[PDB]
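Participant: Here you go, one structure.
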Amino acid sequence: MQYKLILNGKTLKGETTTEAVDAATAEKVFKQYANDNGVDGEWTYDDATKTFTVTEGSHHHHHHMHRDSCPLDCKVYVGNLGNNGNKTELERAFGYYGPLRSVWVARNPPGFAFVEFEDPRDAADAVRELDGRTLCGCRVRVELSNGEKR
RNA sequence: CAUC
């Protein structure tokens, strides 16, 4: 019986078919043809239209409509926290919403500090649920850090 | 939004 395959990639994309028994032969035929175009992403199958797919993430190229919202932008600010310069509380508070990359706190009876996350969405979620309330024992103004010029 |  014949089966289909789609090679959804950034630049090289396409589709083909083959005579097989089922996935037990189609899943060891398309593996060659896909690598001959050069795709080798998410190996998929549809059990109602009998059509494989391989949505690319292996030919080492991708871009879309993003720039000033990347892993570089993840720096954050926190202040009016309460008298604490030990980082541990705010560090687990930050990394709780999602993994950090760096944390800083000052030297003179502080209640003010700085932070950097790994995903800019970890910083965004943290900023959205750490602000204007309380964390250590104060009112926590929490913002993205303005401390850059590219 | 710096006390590094």
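Residue positions begin at 1 at the first shown residue.
Heads up, header says this was done by solution NMR.
The backbone N, Cα and C atoms fix where each Cβ goes, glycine too.
What the PDB entry lists as expression tag is A:59-64.
The N-acetylmethionine annotation in Swiss-Prot covers A:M65 and rests on a large-scale study or a structure entry. Per Swiss-Prot, phosphoserine is recorded for A:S69. Feature annotation from Swiss-Prot assigns domain 'RRM' to A:74-147. The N6-acetyllysine feature in Swiss-Prot is assigned to A:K87.
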Participant: Would you pick out, from the modified residues A:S69, A:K87, the residue whose Cβ has the largest number of other Cβ atoms within 10 Å?
Facilitator: A:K87
Participant: Residue list, the expression tag (A:59-64) vs rest of chain: Cβ under 8 Å, 6 or more residues beyond ends.
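Facilitator: Hits for the expression tag (A:59-64): 9-12, 38-40.
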Participant: Cα of A:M65 (N-acetylmethionine) to Cα of the residue listed as 'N6-acetyllysine': how many Å, rounded?
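Facilitator: Cα to Cα, A:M65 (N-acetylmethionine) and the residue listed as 'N6-acetyllysine' are separated by 36 Å.
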